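Undergrad: return a 3D structure for these sequence lines:
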Amino acid sequence: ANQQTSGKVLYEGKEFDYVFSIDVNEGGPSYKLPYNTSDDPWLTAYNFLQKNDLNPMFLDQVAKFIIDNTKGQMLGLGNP
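TA: Residues are numbered from 1 along each chain as shown. Take a look at the structure below.
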C-alpha cells in the first residue's frame, strides 16, 4: 500500500490505516490498536500486545478483529 491520507486513523497522536478502540472493561486506561492493512492480524496484535505489555490472551481477540477489518461481515459485509 502506497496511498495518500484517505481516512487514516489517529491513535493518541500517530496516524495509521485503521486502529481499533480497546477497552479492557474498566474505564481506563483506554487502549487503541493501530493496524496497517499490509500486516498480519497476529503480528499487528502481538506488536501492540507486547508494546503495552498486555496478556497474550488478548492477542486472539485483537487479531481476529483486525481480520474482520479486512474480512467479510465487518468490511466486506456479505449481506444478501
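Undergrad: hey, where'd the strands end up in this protein?
TA: Remark: strands assigned in the chain by DSSP state E are 9-11, 14-16, 18-22, 31-35.
Undergrad: could I get the buried residue list for the last one?
TA: Meaning strand 31-35. By 16 or more other Cβ atoms under 10 Å, the buried positions in strand 31-35 come out as 31, 32, 33, 34, 35. Yep, even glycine has a C-beta here, placed from its N, CA and C like the rest.
Undergrad: that one - contacts with which helices or strands?
TA: Using 3 or more Cβ pairs under 8 Å, 6 or more residues apart in numbering; DSSP states H and E, the elements in contact with strand 31-35 are strand 9-11, strand 14-16, strand 18-22, helix 41-52, helix 58-68.
Undergrad: circling back to that earlier point, in CSV: the strands of the chain, plus distance to residue 63.
TA: Shown next, in CSV, are the strands of the chain (distance: least, Cβ to Cβ, whole Å):
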stretch, distance to residue 63
strand 9-11, 17
strand 14-16, 15
strand 18-22, 10
strand 31-35, 9
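Undergrad: and residue 74, which of these is closest to it?
TA: Closest to residue 74 of the strands of the chain, according to Cβ to Cβ: strand 18-22, at 10.4 Å.
Undergrad: who touches that closest one?
TA: 9-11, 30-35, 37, 62, 65-66, 69 (Cβ atoms under 8 Å, 6 or more residues apart in numbering).
Undergrad: now do that strand against strand 31-35, angle only.
TA: 160 degrees (axes from the mean of the first three to the mean of the last three Cα atoms, to 10 degrees).
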